[PDB]
Amino acid sequence: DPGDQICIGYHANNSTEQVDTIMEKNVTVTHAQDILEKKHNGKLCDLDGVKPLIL
Amino acid sequence: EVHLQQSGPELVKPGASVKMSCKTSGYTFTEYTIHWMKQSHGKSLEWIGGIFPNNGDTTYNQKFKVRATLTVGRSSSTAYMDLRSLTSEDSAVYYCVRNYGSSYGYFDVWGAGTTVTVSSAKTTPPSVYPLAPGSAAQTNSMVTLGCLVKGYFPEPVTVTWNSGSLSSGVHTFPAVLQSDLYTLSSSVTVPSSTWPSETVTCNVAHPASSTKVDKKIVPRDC
Ligand SMILES: *[C@@H]1O[C@H](CO)[C@@H](O[C@@H]2O[C@H](CO)[C@@H](O[C@H]3O[C@H](CO)[C@@H](O)[C@H](O)[C@@H]3O)[C@H](O)[C@H]2NC(C)=O)[C@H](O)[C@H]1NC(C)=O
Ligand SMILES: *[C@@H]1O[C@H](CO)[C@@H](O[C@@H]2O[C@H](CO)[C@@H](O)[C@H](O)[C@H]2NC(C)=O)[C@H](O)[C@H]1NC(C)=O
Numbered sequence: 155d156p157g158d159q160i161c162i163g164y165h166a167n168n169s170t171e172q173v174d175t176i177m178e179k180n181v182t183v184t185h186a187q188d189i190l191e192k193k194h195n196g197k198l199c200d201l202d203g204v205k206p207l208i209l
Numbered sequence: 038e039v040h041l042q043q044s045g046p047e048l049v050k051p052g053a054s055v056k057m058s059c060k061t062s063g064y065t066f067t068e069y070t071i072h073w074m075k076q077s078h079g080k081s082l083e084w085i086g087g088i089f090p091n092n093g094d095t096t097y098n099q100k101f102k103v104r105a106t107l108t109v110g111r112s113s114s115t116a117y118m119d120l121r122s123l124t125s126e127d128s129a130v131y132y133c134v135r136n137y138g139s140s141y142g143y144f145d146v147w148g149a150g151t152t153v154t155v156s157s158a159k160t161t162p163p164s165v166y167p168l169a170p171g172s173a174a175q176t177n178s179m180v181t182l183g184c185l186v187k188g189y190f191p192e193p194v195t196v197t198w199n200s201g202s203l204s205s206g207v208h209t210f211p212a213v214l215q216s217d218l219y220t221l222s223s224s225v226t227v228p229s230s231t232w233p234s235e236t237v238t239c240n241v242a243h244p245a246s247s248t249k250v251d252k253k254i255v256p257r258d259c
């Protein structure tokens, strides 16, 4: 008969988020955080309150 | 400079619909958002909505969401508003106004004002009666003359003296409602020497009935 067991381990999931490292590119990670904004809205706008002088 | 020319006063049966127009001029139509203001006669101002010409985006007040429909004719450089199924409630004045910049903007240029009247009543031409003082008493340093416009519908009417050449000393009183018709009076005050030698004529016009009448003040010869 088998005896009891305890295991130490770590989280896995279905994430395909990927980060780069000096030694290895495209390493797949459980969790990640984008810090680059690549999107804008294509318009000229009022700034804090104030409409710009658009000549 | 920046003129907003809007539609002329209208009368509509209760339950029907109106379409007042506002023509923009003096700036580039698509650079500022246009709005409409409702003012319940001499009370308080209400915001209806706004529209941006360049793409036709509309922004409404909760209260007016159903009854109103802002449209724009880019081709014509003109803004429109449309009021559906009216009541006595909607009888008020309506302003076409240019709001400066966006959601957080100020209304810098206000239009003339399209004033709408909601009533089942029929159109009634006025009646003009000149007012010469009694031959008895005589007003000495200045002679007061008058003009009475009674029983007309709907608002408004225009009163002039000598086709307009007569000015500062004229008072034209606000119309009042008498048995479901309007009635108002005017008082021109000229130097005693001028009358009765000079022709003092009352020029009144009522657009809603296509009526234009003149009355000359002939002295009371008792
Ligand atoms: C690290 O991962 C990157 C994203 O998974 C990957 O970028 C990918 O690069 C390949 C080619 O190197 C591109 O594959 C194909 O792209 C165009 C599609 O129009 C085609 O002309 C070709 O068939 C070409 O093979 C992927 O499109 C591109 N992925 C993205 C999102 O741009 C990197 O290559 C990876 N780096 C390493 C070192 O593996
Ligand atoms: C990763 O995705 C797989 C595929 O869907 C998950 O496996 C499923 O888990 C559900 C639980 O709701 C089961 O009902 C299905 O039978 C499983 N499908 C298969 C094909 O095994 C898996 O749980 C996901 N992993 C994580 C950490 O979310």
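Respectively, the protein sequence lines represent chains A and B.
Note that the working numbering numbers the first sequence so that position 17 is 171, with each residue one more than the last.
Note that the working numbering numbers the second sequence so that position 44 is 81, with each residue one more than the last.
The beta-carbon is built from N, C-alpha and C at its ideal position, and this holds for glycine as well.
Among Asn167(A), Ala166(A) and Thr184(A), nearest to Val173(A) - alpha-carbon criterion: The candidate whose alpha carbon is nearest that of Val173(A) is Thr184(A).
Endpoints, beta strand (DSSP E) assigned at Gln99(B): Note, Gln99(B): premise wrong, no beta strand (DSSP E); not H, not E.
Counted within 10 angstroms of its Cβ, other Cβ atoms place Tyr132(B) as buried (16 or more) or exposed: With 16 or more other Cβ atoms within 10 Å, it is buried.
For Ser140(B), the three-state DSSP class (helix, strand or coil): coil
Endpoints, the beta strand (DSSP E) within which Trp198(B) is located: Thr195 to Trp198
Cut-off 6 Å between Cβ atoms - residues of its own chain near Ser223(B), not counting five sequence neighbours on either side: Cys184, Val196 and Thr209
Cross-strand partners of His243(B) (DSSP beta bridge): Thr248(B)
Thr65(B) (DSSP reduced to helix, strand or coil): coil
Sufficient close CB pairs (3 or more, under 8 Å) joining the stretch 173–181 of chain B to the stretch 153–165 of chain B: no
Whether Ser54(B) touches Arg121(B) by CB criterion (7 Å): Less than 7 Å separates the beta-carbon of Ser54(B) from that of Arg121(B).
CB contact below 7 Å: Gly138(B) versus chain A: yes
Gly110(B) - DSSP class collapsed to helix/strand/coil: strand
Beta carbon of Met57(B) nearer than 7 Å to that of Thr151(B): Yes. Within cutoff.
Nearest-angstrom Cα separation, counted from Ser169(A) out to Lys193(A): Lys193(A) and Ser169(A) have their C-alpha atoms roughly 23 Å apart.
Pairwise C-alpha distance: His165(A) and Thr182(A): 13 Å
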